[PDB]
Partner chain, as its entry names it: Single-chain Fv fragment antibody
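The form deposited without the partner chain is given below as one chain in structure tokens.
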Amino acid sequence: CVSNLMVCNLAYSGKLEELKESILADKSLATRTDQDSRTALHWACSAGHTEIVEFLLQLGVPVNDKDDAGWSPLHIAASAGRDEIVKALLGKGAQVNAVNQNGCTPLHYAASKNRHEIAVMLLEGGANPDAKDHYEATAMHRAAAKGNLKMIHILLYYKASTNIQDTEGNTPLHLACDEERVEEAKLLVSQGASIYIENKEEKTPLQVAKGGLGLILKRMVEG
């Protein structure tokens, strides 16, 4: 029972037939916003109900409206891992470089939650891989820190930068090293991530690294 508007609950529940029934009675309900500034579309994205999303999109409804927290439908769908809803959303003009109130794009959440195929869709649909959030962090920061090896390959293929620094001065390499993400750190270094950049604490990814991972990285770069 996630909303104060019944239509929204019907979209979350997946009750497509009473959702259509409410909306023939009152066309306005397909775009009416609840207390979180969400419509039926947001909630159907959240629950992954593709047929209900597809129905609303045909109806002509807005695709890019952000809720109280700044989440667009695309944000919700990318995060929740709704492969086909993302596809539909993008097909209907969804904004791929949309930002929520923390400064996150959909790709940030795809990267973080390991959504490989959604990441590909977003990037192939025009997403900026170097988009920085309010802490100046990228998708690559998130992938490196979580240890998402395949996601890093994706980001790198679509020309993500490896040496962007967050508010703390850390690059993705710093984070990979800090979380003992070995293969992810080697991958980064092999495609040019710097072992020399210092975070705002004056430490390099090597100095942050443990178990002589730093030694491995140092030999990759220096001989």
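Residue numbers count along the first chain shown, from 1.
This next part talks about the form deposited with the partner chain bound, which is not shown.
Taken together, the three residues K15, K20 and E54 all stay farther than 4.5 Å from the partner chain in the bound PDB entry, as judged by their closest heavy atom.
Using a 4.5 angstroms threshold between heavy atoms, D26 stays clear of the partner chain in the bound PDB entry.
Heavy atoms of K150 reach within 4.5 Å of the partner chain in the bound PDB entry, making it an interface residue. Taking the partner from the other structure, the partner chain in the bound PDB entry has no heavy atom within 4.5 Å of any heavy atom of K113. In the bound PDB entry, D68 stays away from the partner chain, with no heavy atom inside 4.5 Å. Heavy atoms within 4.5 Å of the partner chain in the bound PDB entry are found in one stretch of 68-76, 136-144, 103-111, 120-128, which is 120-128. Only one of the listed residues (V63, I195, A47, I154) places a non-hydrogen atom within 4.5 angstroms of the partner chain in the bound PDB entry, and that residue is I154. This chain is drawn without the partner chain; in the bound PDB entry, the residue among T167, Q35, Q58, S190 with a heavy atom within 4.5 Å of it is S190. Interface residues of 158-192, taken as those with a heavy atom within 4.5 Å of the partner chain in the bound PDB entry (partner not displayed): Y158, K159, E183, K186, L187, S190, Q191, in sequence order.
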